[PDB]
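Next comes just one chain, in structure tokens: the form deposited in one PDB entry.
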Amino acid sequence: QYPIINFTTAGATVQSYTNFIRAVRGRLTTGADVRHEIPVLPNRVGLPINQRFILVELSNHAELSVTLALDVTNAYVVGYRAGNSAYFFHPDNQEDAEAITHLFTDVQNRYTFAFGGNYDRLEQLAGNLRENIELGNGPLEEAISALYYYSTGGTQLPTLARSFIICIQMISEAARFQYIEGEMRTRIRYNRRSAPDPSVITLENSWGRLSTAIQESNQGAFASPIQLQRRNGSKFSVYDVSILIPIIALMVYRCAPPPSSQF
């Protein structure tokens, strides 16, 4: 009963990818919370379990399919299904462990990895950092096959973790940031895979901090500027929510919106 959004890497175009990312965002946000014109994801506090997850069904040219589960509170990929097996990252807490029991309920082989799903852990397992892992339609196509074959020994753990890293950035990070969506559009349009540059990496690393800075801002003004990087690695200071409107698509819930003290 959780919502399902479909995407295939087979014959993918900028438009089909765009449609996909827009649909994911539509299922993540409720319209209940928008601040400085930027939507906020649902608050985990009091969120009914029946509204907690969405499903992303990925298919490829190889005619394989896998289903990712995303937590609506943070767009986080919490696990996946391939045929008769489902795999979940190690939960951060009891409440999350219980919540994932509500996913892929009729799968006959349920596994919970002993490792969590954050980039740091996955990069260690992968033997490579994000900055050295190519993204694009080709990597996603290959990632889907890798996830599919894991249960039968065909996929090494390093290649699984690498494949997770690809999926997370092309789905979850793209949903969070129009900027990253745009980066993926480019790669898809020209069918040219490439690793993420510093502008992409710093945005991913800063999502929580940007979310908090905006929500705690004084009428949009940050108390403390945040440093990001442009493509060439050079510094870019963010002082205000204004410059982020075309860059960030969704925020994680960090605080309550203050009473809108009007003039």
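Shifts are known only where both forms have a C-alpha. Each form is matched to the other, and the largest set of C-alpha atoms that superpose within 1.5 Å is called the rigid core. Start at 1 with the first residue shown and count on from there.
Another form exists, deposited with a small molecule bound; not displayed. Remarks below refer to it.
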>> Check residue 111 for me: does it contact the small molecule in the deposited bound form (non-hydrogen atoms, 4.5 angstroms)?
In response: no
> Is the gap between residue 199 and the small molecule in the deposited bound form 4.5 Å or less for some heavy atom pair?
Replying inline: yes
> Applying a 4.5 Å heavy atom distance criterion, does residue 247 contact the small molecule in the deposited bound form?
Replying inline: yes
> Counting only non-hydrogen atoms and a 4.5 angstroms cut-off, does residue 243 reach the small molecule in the deposited bound form?
Replying inline: yes
> What moves between this form and the one not shown once the core is lined up, counting runs of 3 or more consecutive residues with C-alpha shifts of 2 angstroms or more?
Replying inline: 30-32, 34-36, 256-258
